[PDB]
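Below, each value reflects all heavy atoms present in this structure, side chains not excepted, and no hydrogens, waters or symmetry copies. Each chain gets a letter, A, B and so on, in the order the sequences are listed, and its residues count up from 1. Indexing begins at 1, ligand by ligand and atom by atom, following the structure's order.
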There are 2 protein chains.
Amino acid sequence: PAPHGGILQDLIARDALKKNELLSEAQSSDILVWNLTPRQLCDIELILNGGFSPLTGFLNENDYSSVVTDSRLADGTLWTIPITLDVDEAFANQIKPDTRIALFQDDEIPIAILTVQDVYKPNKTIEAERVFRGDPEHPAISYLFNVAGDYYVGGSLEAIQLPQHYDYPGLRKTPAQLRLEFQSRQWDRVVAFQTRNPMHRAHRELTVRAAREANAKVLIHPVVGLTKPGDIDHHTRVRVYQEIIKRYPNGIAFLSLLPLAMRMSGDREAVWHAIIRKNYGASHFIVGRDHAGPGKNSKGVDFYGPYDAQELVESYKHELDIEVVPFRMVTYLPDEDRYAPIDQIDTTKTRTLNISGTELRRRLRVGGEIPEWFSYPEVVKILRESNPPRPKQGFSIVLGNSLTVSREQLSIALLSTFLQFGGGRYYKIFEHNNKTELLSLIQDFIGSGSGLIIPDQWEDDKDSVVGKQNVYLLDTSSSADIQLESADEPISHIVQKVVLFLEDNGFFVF
Amino acid sequence: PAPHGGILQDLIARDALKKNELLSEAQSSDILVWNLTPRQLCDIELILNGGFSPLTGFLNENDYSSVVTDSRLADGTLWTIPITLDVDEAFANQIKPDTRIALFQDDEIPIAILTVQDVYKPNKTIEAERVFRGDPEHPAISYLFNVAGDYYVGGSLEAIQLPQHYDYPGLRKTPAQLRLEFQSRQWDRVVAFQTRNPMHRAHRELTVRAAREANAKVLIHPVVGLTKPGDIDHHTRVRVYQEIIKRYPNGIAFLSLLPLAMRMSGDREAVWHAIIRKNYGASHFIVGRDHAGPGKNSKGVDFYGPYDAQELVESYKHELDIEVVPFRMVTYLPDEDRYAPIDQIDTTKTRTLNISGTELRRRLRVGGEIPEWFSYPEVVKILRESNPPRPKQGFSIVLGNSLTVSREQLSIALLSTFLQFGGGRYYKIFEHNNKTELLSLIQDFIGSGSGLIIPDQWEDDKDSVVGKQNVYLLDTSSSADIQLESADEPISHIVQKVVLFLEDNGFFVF
Ligand SMILES: [Ca+2]
Ligand SMILES: [Ca+2]
Ligand SMILES: [Ca+2]
Ligand SMILES: [Ca+2]
Ligand SMILES: [Ca+2]
Ligand SMILES: [Ca+2]
Ligand SMILES: [Mg+2]
Ligand SMILES: [Mg+2]
Ligand code: NA
Ligand code: NA
Ligand code: NA
Ligand code: NA
């Protein structure tokens, strides 16, 4: 269909003949420079390549206010997520309307020149409530208060280049490029599938069925910009998508990566997704159950209703100009060796099988079997490599402050003891001396599968520097992961406590 | 580099705004229509998409003569293979200069309108000698005399559409499209690999080494138009290329199919290939040993010298504008578990392993093991599926004219006997009654793995309708494949002769 607003705002194309000129200006000594943050880089790529058509810059207060309260740009164009350039006061103060500033990536690569229209301090309390529903635990609200700048700079953009990416050069198609890929294949009906997770057998099945019903080709369009905290890394996911696209009938599907920064904003995000896929050339779009939903908060309540997304999108159906295809999740029928829509089974007493996210996680943690009816083996293999089981995981044992036994001797005893076991894990007594440059390497060694023996705790104000995954405290305190009977417990008894704790937790298998 | 002659003659693009107009003219009742032959469709696709730049039509006698004797178009542009529209006298007679004719595909799809410049009867004796070296057994000479029309029609072309292909819509990139694929990846150095065969480990290794040495990305550019008689079908080959492109380091290679009709014209063809790859956007090209060579003739003499191609291309190096990369075929070193250039091994007593085409064919025929050091198992699997071993091959037993025993009873006895054996082969007593519509199905049943029992021979002037592969004559004549001791040999003795012949040839395994 036609881009949202009618014209694809591909600014790279629009400004092609101004590239040298804009680059020189961006590099002039007198121009103010703002280094884009990771989320701003995702957003600016989508504005610059027309993925956010009709947007041609970051929203000034006029459009922003209208999006916050009315889900529309000031001119009435449907638009549910505010895209703004958030900066701190020190920068906002040296800015005024008409000022032209250079926007860089990594303080080295000029990306665009922004012509300032306005500078404002938005009420982040109202934004959180009106756009993200108010729950302080909502990923977007957490970001909005703890990470985002307090000042928004509205303005028009002129393109120099899209944010630099060295991985997957072939798969990161812009809207113009994707439309040409579809055109060269004579594809005029394409149904897009959104995802920020690995794809299992059920997803392959549901997308092929969607294609069959809409008489459309398939576009697997995963998000590789920012997704939900804790999600599988995009490199692992892309490997999974590259593997699964090979399981579709030849010529039915195309894989392209979307550098979007999701807000995990449920229904409003679903509408935003529909618009973006339309800009990218899709004729149809699948809106999932709890689409773009961040789950439940700490008290167990849903941030969004499971069908809020499908209902909001349905309310705007007459002006979206992209067909939404009903979501028919499928499940496996052992006795029939096939998959069927969950809305069509049971009631007649029919056996079904499924593996939840929690169960999948468990199996990967213990190195357990994962059935081919659930996920293609080549996909499972990829997931195991990126998320190895306990016998292959790294860890750290921290000698707590309470210890009065020799820390040097206890560290040496632990190292010598661990070196007896087979397995191939690399071990090291690691002294950080409370230095950030050393503390930040702890998770790097753990991520490499190594076992670190840390002779002393770091100061509390350094905690934030060390991730807590697989880090265990050996101490007398009740908070200790491995509790000592006493501060001067004999070294040989301490060693045994540690070895048995590690075995009980799967790090050692005998 | 720049297209040959300086401008990409993409006629589809040039004539975009004349499509409706040309289509209507092509469909007018008064215009003369020529239905393109399979080779002409390969050639016209390359002219129309700019693959044959600077050509914009089929060569008139002026350019043709110059190509035949001087390897150049009349204006001096290097061009070694004549591309002409060959027709029969009946058609050539109703043609004259300035006449506009419609060129169709399958007598139904309008492809282009040709404005006639001239009509001529070339001396096919001189063409065969000057362009293809004169050997009546040269694939091109055989085609030139037995298939090609005796009259050539020179003229300029206006495009309606490229020849229709329903398979591999995604991989058949035109020169303009391929250049855009390279541009979107920022690839400015690309080395192209020509092939009309399956690719084994050695080819993957040689292309990656070429890429390393030329600091270029890899373009696997196989021919899928017309190749050498007897070659593996392009569907099987494309499956092999799709499988092997996955064995290159991520982001190093691109697969695109070339709808070229090779002439198997060695050195001249190698030069033509260099020009075509340049038109398609490649910066480098690999010229093989006996590149595009059809092998040896019946007397065992080479149609071309093994280095004639590399030498002819080297002679034109200063005007080709595409770098030719030296061909370094590799071989496997068992004791070192690696591949090395054959020009760098031995002399120092080094063990090497290789599997020739004859040996590979043998192994596929008997169902023998094919080592992973030679070819990736997934590739081997594809080749076995397309070329199944004897126990899975079809066949026909023809009851010869000499037989005086009951043909009905002997056919029934053979069928009942064959049905005892396991295996899954389907059997049928097949009466053709000398009808072409039935005779032409014999190889279709054999190709499906079936065993046919044919009660009588067809007339000699129908032989050409039935392929000879796996068709066996049971008769008293010395020419019989299964020789009868006498015309009235007892049915049970005949049955045993046939069963044992089939077992000896691998069709039955007990
Ligand atoms: Ca703040
Ligand atoms: Ca719920
Ligand atoms: Ca004590
Ligand atoms: Ca003739
Ligand atoms: Ca030779
Ligand atoms: Ca007799
Ligand atoms: Mg980018
Ligand atoms: Mg075609
Ligand atoms: Na820097
Ligand atoms: Na709700
Ligand atoms: Na017809
Ligand atoms: Na020679």
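- Among the backbone and side-chain atoms of A:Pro163, an N, O or S atom lies under 2.8 Å from the Mg ion (ligand 7).
- For the atom pair A:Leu260 CG and A:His273 NE2, the distance stands at 5.0 Å (nearest 0.5 Å).
- Sorting the N, O or S atoms of B:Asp488 by how far they are from the Ca ion (ligand 6) puts OD2 first.
- Here the N, O or S atom of A:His165 that is nearest to the Mg ion (ligand 7) is ND1.
- Listed by chain and number, the residues in a side chain to side chain donor-acceptor pair (under 3.5 Å) with A:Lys228 amount to none (sequence neighbours excluded).
- No donor-acceptor pair under 3.5 Å is formed between the side chain of A:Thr236 and the backbone N or O of A:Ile232.
- Near-neighbour remark for the Ca ion (ligand 4): protein N, O or S atoms under 3.0 Å are B:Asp150 OD1, B:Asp150 OD2; waters not counted.
- Minimum interatomic distance between A:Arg179 and A:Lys278 (heavy atoms only, all atoms of both residues): NH2-O, 2.9 Å.
- Checked against ring-ring contact (aromatic ring centres under 6.0 Å, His included), B:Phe132 has the following partners two or more places apart in sequence or in another chain: B:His138.
- Here A:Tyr241 pairs with nothing under the ring-ring contact (aromatic ring centres under 6.0 Å, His included) rule; sequence neighbours left out.
- Between A:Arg100 and A:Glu158 a salt bridge is recorded (basic side-chain N to carboxylate O distance below 4.0 Å).
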